[PDB]
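Have a look at coords39.cif below; it lists mmCIF, C-alpha atoms.
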data_run
#
loop_
_atom_site.group_PDB
_atom_site.id
_atom_site.type_symbol
_atom_site.label_atom_id
_atom_site.label_comp_id
_atom_site.auth_asym_id
_atom_site.auth_seq_id
_atom_site.Cartn_x
_atom_site.Cartn_y
_atom_site.Cartn_z
ATOM 1 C CA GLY K 22 100.989 120.891 121.817
ATOM 2 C CA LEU K 23 98.531 123.620 122.737
ATOM 3 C CA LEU K 24 94.853 123.085 123.521
ATOM 4 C CA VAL K 25 92.324 125.821 124.238
ATOM 5 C CA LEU K 26 89.261 125.486 126.453
ATOM 6 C CA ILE K 27 86.621 128.148 126.959
ATOM 7 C CA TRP K 28 83.426 128.417 128.950
ATOM 8 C CA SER K 29 81.639 131.691 128.470
ATOM 9 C CA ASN K 30 78.125 131.763 127.050
ATOM 10 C CA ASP K 31 78.706 134.835 124.939
ATOM 11 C CA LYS K 32 77.921 134.922 121.217
ATOM 12 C CA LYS K 33 81.087 136.789 120.183
ATOM 13 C CA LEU K 34 83.612 135.382 122.686
ATOM 14 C CA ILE K 35 83.090 131.826 121.472
ATOM 15 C CA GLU K 36 83.038 132.727 117.780
ATOM 16 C CA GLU K 37 86.096 134.975 117.994
ATOM 17 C CA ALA K 38 88.158 132.375 119.842
ATOM 18 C CA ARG K 39 87.283 129.738 117.228
ATOM 19 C CA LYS K 40 88.709 131.745 114.346
ATOM 20 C CA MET K 41 91.843 132.942 116.129
ATOM 21 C CA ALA K 42 92.757 129.499 117.451
ATOM 22 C CA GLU K 43 92.006 127.965 114.061
ATOM 23 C CA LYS K 44 94.308 130.576 112.526
ATOM 24 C CA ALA K 45 97.188 129.209 114.601
ATOM 25 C CA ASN K 46 96.069 125.629 113.894
ATOM 26 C CA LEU K 47 94.796 125.103 117.428
ATOM 27 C CA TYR K 48 91.702 123.403 118.780
ATOM 28 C CA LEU K 49 89.275 124.848 121.297
ATOM 29 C CA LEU K 50 86.353 123.275 123.113
ATOM 30 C CA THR K 51 83.449 124.564 125.144
ATOM 31 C CA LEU K 52 83.092 122.922 128.530
ATOM 32 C CA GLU K 53 80.144 120.544 128.647
ATOM 33 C CA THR K 54 81.482 117.079 127.949
ATOM 34 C CA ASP K 55 85.089 116.918 129.149
ATOM 35 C CA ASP K 56 86.190 113.293 129.254
ATOM 36 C CA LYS K 57 84.951 112.245 125.814
ATOM 37 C CA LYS K 58 85.590 115.316 123.663
ATOM 38 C CA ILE K 59 88.656 116.842 125.308
ATOM 39 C CA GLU K 60 90.710 113.648 125.729
ATOM 40 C CA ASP K 61 89.996 112.509 122.164
ATOM 41 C CA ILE K 62 91.223 115.747 120.620
ATOM 42 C CA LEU K 63 94.144 116.286 123.007
ATOM 43 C CA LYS K 64 95.377 112.750 122.266
ATOM 44 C CA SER K 65 95.385 113.709 118.597
ATOM 45 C CA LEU K 66 97.797 116.592 119.277
ATOM 46 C CA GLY K 67 100.619 114.224 120.181
ATOM 47 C CA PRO K 68 103.138 115.545 122.782
ATOM 48 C CA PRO K 69 102.310 116.628 126.382
ATOM 49 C CA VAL K 70 99.648 119.223 125.710
ATOM 50 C CA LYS K 71 99.335 122.512 127.565
ATOM 51 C CA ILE K 72 95.777 123.706 128.015
ATOM 52 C CA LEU K 73 94.849 127.382 128.010
ATOM 53 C CA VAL K 74 91.405 127.870 129.559
ATOM 54 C CA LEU K 75 89.173 130.949 129.457
ATOM 55 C CA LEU K 76 86.573 131.046 132.221
ATOM 56 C CA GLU K 77 84.274 134.048 132.410
ATOM 57 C CA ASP K 78 83.173 134.931 135.944
ATOM 58 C CA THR K 79 79.722 133.374 135.933
ATOM 59 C CA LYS K 80 77.713 131.771 138.775
ATOM 60 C CA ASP K 81 78.423 128.200 137.636
ATOM 61 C CA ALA K 82 82.024 129.010 136.638
ATOM 62 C CA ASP K 83 83.339 127.865 140.044
ATOM 63 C CA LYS K 84 82.105 124.326 139.506
ATOM 64 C CA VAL K 85 83.680 124.209 136.062
ATOM 65 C CA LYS K 86 86.932 125.640 137.424
ATOM 66 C CA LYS K 87 86.796 122.946 140.072
ATOM 67 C CA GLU K 88 86.206 120.140 137.568
ATOM 68 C CA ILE K 89 88.830 121.456 135.155
ATOM 69 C CA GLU K 90 91.591 121.648 137.761
ATOM 70 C CA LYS K 91 90.598 118.362 139.416
ATOM 71 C CA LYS K 92 90.833 116.674 136.022
ATOM 72 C CA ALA K 93 94.004 118.663 135.327
ATOM 73 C CA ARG K 94 95.732 117.083 138.314
ATOM 74 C CA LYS K 95 94.167 113.688 137.644
ATOM 75 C CA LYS K 96 95.119 113.610 133.966
ATOM 76 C CA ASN K 97 98.478 115.279 134.775
ATOM 77 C CA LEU K 98 97.978 117.928 132.092
ATOM 78 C CA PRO K 99 99.468 121.462 132.362
ATOM 79 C CA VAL K 100 96.483 123.807 132.522
ATOM 80 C CA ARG K 101 96.400 127.590 132.848
ATOM 81 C CA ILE K 102 93.083 129.316 133.514
ATOM 82 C CA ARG K 103 92.335 132.974 132.821
ATOM 83 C CA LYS K 104 89.106 134.714 133.802
ATOM 84 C CA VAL K 105 88.497 137.050 130.872
ATOM 85 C CA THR K 106 85.629 138.782 129.140
ATOM 86 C CA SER K 107 86.947 140.271 125.903
ATOM 87 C CA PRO K 108 87.315 138.985 122.316
ATOM 88 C CA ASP K 109 90.561 140.944 122.066
ATOM 89 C CA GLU K 110 92.065 139.544 125.283
ATOM 90 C CA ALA K 111 91.051 136.044 124.180
ATOM 91 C CA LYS K 112 92.856 136.476 120.858
ATOM 92 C CA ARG K 113 95.966 137.587 122.740
ATOM 93 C CA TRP K 114 96.139 134.807 125.346
ATOM 94 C CA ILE K 115 95.458 132.212 122.656
ATOM 95 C CA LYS K 116 98.165 133.488 120.299
ATOM 96 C CA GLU K 117 100.760 133.952 123.038
ATOM 97 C CA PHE K 118 100.310 130.262 123.829
ATOM 98 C CA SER K 119 100.275 129.373 120.123
ATOM 99 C CA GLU K 120 103.959 130.222 119.760
ATOM 100 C CA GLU K 121 105.202 127.174 121.655
#
I'd like the structure from this file rewritten - as structure tokens, please.
Amino acid sequence: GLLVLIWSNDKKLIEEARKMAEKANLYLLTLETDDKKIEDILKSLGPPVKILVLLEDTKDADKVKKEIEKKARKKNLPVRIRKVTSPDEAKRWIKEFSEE
């Protein structure tokens, strides 16, 4: 049970992560609507799902980091956040979590 979340408004980061996660039969979401989209999909995974989050260091990123981790504790879901800007690094972190 591995879920991927990413909030970086880059054209290539988002697109690259989609393909790589899809390759390992994962699901990734951009952070805009959390409660409705994320819970629906994560509930479809089945077992206790571990969430791998990519948060690029942007101005707003601190509020999203806040909301993610607050909801992480609230919804008792294992979440690991990495601040990365790189399509290659993204592909790595995703795939290293895909092998669980």
Quick one: which stretch 63-94 of chain K residues come within 12 Å of stretch 33-50 of chain K, and what is the nearest atom pair for each with the distance in Å to one decimal, counting all atoms listed in the file, rows ordered by chain and ascending number, as CSV?
residue,atom,partner,partner_atom,distance
K:63,CA,K:48,CA,8.6
K:64,CA,K:48,CA,11.8
K:65,CA,K:48,CA,10.4
K:66,CA,K:48,CA,9.2
K:70,CA,K:47,CA,11.3
K:71,CA,K:47,CA,11.4
K:72,CA,K:49,CA,9.4
K:73,CA,K:49,CA,9.1
K:74,CA,K:49,CA,9.1
K:75,CA,K:38,CA,9.8
K:76,CA,K:34,CA,10.9
K:77,CA,K:34,CA,9.8
Coordinates-based distance that separates atom CA of residue K:61 from atom CA of residue K:107 (Å, one decimal):
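According to the coordinates, atom CA of residue K:107 and atom CA of residue K:61 are separated by 28.2 Å.
The neighbours of residue K:118 here are the residues that come within 8 Å of it, using only C-alpha atoms and leaving out any residue fewer than 3 positions away in the same chain; they are residues 23, 73, 114, 115 and 121 of chain K.
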When you draw a straight line from atom CA of residue K:85 to atom CA of residue K:28, how long is it in Å?
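So the answer is 8.3 Å.
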I need the residue nearest residue K:24 from this list: K:91, K:80, K:116, K:57. Use all atoms listed in the file for the distance.
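Once distances to residue K:24 are computed over all atoms listed in the file, the minimum belongs to K:116.
Nearest to residue K:93 of all the residues K:109, K:81, K:120, K:60 is K:60, based on all atoms listed in the file.
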In Å, with one decimal, what is the gap from atom CA of residue K:69 to atom CA of residue K:22?
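Here the two named atoms are 6.4 Å from each other.
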Let me make sure I understand: among K:56, K:31, K:110, K:68, which one has the smallest atom-to-atom distance to residue K:95 if we use only C-alpha atoms?
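Checking each of K:56, K:31, K:110, K:68 against residue K:95, counting only C-alpha atoms, the winner is K:56.
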Residue nearest residue K:58 among K:106, K:101, K:26, K:82 (counting all atoms listed in the file):
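The shortest atom-to-atom distance to residue K:58 comes from K:26.
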Restricting to all atoms listed in the file, whichever of K:84, K:94, K:113, K:103 is closest to residue K:27 is K:103
